[PDB]
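Here's a solo chain for you in structure tokens, the form deposited in one PDB entry.
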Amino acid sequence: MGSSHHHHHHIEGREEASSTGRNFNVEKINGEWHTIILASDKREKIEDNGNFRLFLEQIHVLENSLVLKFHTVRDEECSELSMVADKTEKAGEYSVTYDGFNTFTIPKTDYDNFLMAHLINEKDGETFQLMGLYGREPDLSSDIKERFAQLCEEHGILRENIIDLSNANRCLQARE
């Protein structure tokens, strides 16, 4: 018998990555975060006073896991919950303790400009693909916000299902 192999090279320039474990940097995403735009197949979910329509906090990068907090109201009263996204046997898919069985991952990690995450929750015999677009700033330009719209169509999430958050901000359910 007898075999042989070869080596590989790396890149220094700015290039995207995924949670799969290929040139991923969590030391960047670490810090004050913000929810630019929320896109997911479920307008009735990410709508006025929805359930997933919550703000993001500063993720705390740990040894292998990372803590994350959100902002959710209750009984017409502002509030916030506590979560902790950890690793699992899966491939580049973290597991966060949510109201129902779900998994938080990161398909497009462009901390340099805008970060992208993909979480799916399957409860009540029903599931949906959730994706929260994040960016170094509290608002993304028309050049970056469009980038996400290119992926939403790939996940089956029509560009129309994209709900703008930068324009929608409130902590009450007041209306006519």
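Start at 1 and count along the sequence shown; that's the residue number.
Heads up, the form solved in complex with a small molecule isn't pictured, but that's what we're talking about next.
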According to a 4.5 angstroms non-hydrogen atom cut-off, is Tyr111 in contact with the small molecule in the bound PDB entry? no
Using 4.5 Å between non-hydrogen atoms, is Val73 touching the small molecule in the bound PDB entry? no
Report whether the minimum heavy atom distance between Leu140 and the small molecule in the bound PDB entry is within 4.5 Å. no
For the spot marked by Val96, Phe104 and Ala117, is every residue within 4.5 Å of the small molecule in the bound PDB entry through some heavy atom? yes
